[PDB]
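The structure under discussion appears below in the form of structure tokens.
No value in this document is a laboratory result; all are computed from the given coordinates. FYI the Cβ positions are ideal-geometry reconstructions off the backbone, even for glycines, and counts take in every protein chain you see.
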Amino acid sequence: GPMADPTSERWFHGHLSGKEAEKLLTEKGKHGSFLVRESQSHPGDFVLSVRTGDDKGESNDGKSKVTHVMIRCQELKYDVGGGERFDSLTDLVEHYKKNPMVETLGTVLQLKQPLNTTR
Amino acid sequence: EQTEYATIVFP
């Protein structure tokens, strides 16, 4: 349903840009934190931003490292590019919450806990 | 990586 937003969850943040979502995780979140938001470069799609690596230097240095993942949203269908595609974003995030998705640079997004919407 | 929206290469 259009009134029943699938994004009415704690990990979905309304208006956030690429670095804003990053600032969210790098400053307010922690290792394994993820949040999905509406894409500004790709209007109509969503993005999963995650905090990869630890900030104490047991994975990388220079605080933690945030990667954002593109969630293709066509006809209210969500997919990062892996597994089954869901009509709800909750299933999407939880799917990769158990099955970490990997970048070609080695950065693999370990979705563990959602970044609470600070409002 | 930095924004970029990740490659996500499932091997």
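Can you work out which of the residues in the range A:73-88 that are among the acidic types (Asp, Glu) and surrounded by fewer than 13 Cβ atoms within 10 Å (Cβ to Cβ) is nearest to A:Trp11 (Cα to Cα)?
Of the range A:73-88, the ones among the acidic types (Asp, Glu) are A:75, A:79, A:84, A:87.
Going one step further and asking which of them are surrounded by fewer than 13 Cβ atoms within 10 Å (Cβ to Cβ), we end up with A:75, A:84, A:87.
Working: A:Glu75: 21, A:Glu84: 20, A:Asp87: 16 Å.
Across the range A:73-88, the extreme among qualifying residues is A:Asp87.
Which residues, taken from the range A:15-36, are without any contact (Cβ under 8 Å) to a residue 60 or more places away in the chain and closer than 14 Å to B:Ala6 by Cβ?
Correct list: A:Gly18, A:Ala21, A:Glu22, A:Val36.
From A:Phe86, A:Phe46, which residue is touching a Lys or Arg at 6+ places or on another chain (Cβ under 8 Å) and away from every other protein chain (no Cβ under 11 Å)? Spell out the reasoning first.
On the way: A:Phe46 fails: away from every other protein chain (no Cβ under 11 Å).
Exactly one residue qualifies, and that residue is A:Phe86.
Check A:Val108 against each of (1) more than 14 Å from chain B (Cβ to nearest Cβ); (2) farther than 18 Å from A:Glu9 by Cβ; (3) under 13 Å from the mean Cα position of the chain (by Cα) and name the one condition it does not meet.
Answer for A:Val108: the failing condition is (1).
Looking at the range A:25-41, can you tell me whether even one residue there is of a type in the set (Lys, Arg), surrounded by 16 or more Cβ atoms within 10 Å (Cβ to Cβ) and either more than 10 Å from chain B (Cβ to nearest Cβ) or under 15 Å from A:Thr107 (Cβ atoms) (or both)? Give the steps one after another, and end with the answer.
Taking the range A:25-41 first, the residues of a type in the set (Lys, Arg) are A:28, A:30, A:37.
Narrowing further to those that are surrounded by 16 or more Cβ atoms within 10 Å (Cβ to Cβ): A:37.
From what's left, either more than 10 Å from chain B (Cβ to nearest Cβ) or under 15 Å from A:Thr107 (Cβ atoms) (or both): A:37.
Within the range A:25-41 (the criterion being of a type in the set (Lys, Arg), surrounded by 16 or more Cβ atoms within 10 Å (Cβ to Cβ) and either more than 10 Å from chain B (Cβ to nearest Cβ) or under 15 Å from A:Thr107 (Cβ atoms) (or both)), the answer is yes, since at least one residue qualifies.
In the range A:82-104, is there at least one residue being under 12 Å from the mean Cα position of the chain (by Cα) and within 13 Å of B:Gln2 (Cα to Cα)?
No.
Report yes if A:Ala4 is of a type in the set (A, V, I, L, M, F, W, C), under 12 Å from the mean Cα position of the chain (by Cα) and at negative phi, otherwise no.
Working: of a type in the set (A, V, I, L, M, F, W, C): yes; under 12 Å from the mean Cα position of the chain (by Cα): no; at negative phi: yes.
It is false that A:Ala4 is of a type in the set (A, V, I, L, M, F, W, C), under 12 Å from the mean Cα position of the chain (by Cα) and at negative phi.
I need the full set of residues from the range A:43-72 which are among the basic types (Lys, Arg) and either under 21 Å from A:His13 (Cα atoms) or under 12 Å from the mean Cα position of the chain (by Cα) (or both), in order please.
Of all residues in the range A:43-72, those among the basic types (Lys, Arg) come to A:51, A:56, A:63, A:65, A:72.
Once the filter is applied, which keeps residues that are among the basic types (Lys, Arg) and either under 21 Å from A:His13 (Cα atoms) or under 12 Å from the mean Cα position of the chain (by Cα) (or both), the range A:43-72 yields A:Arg51, A:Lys65, A:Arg72.
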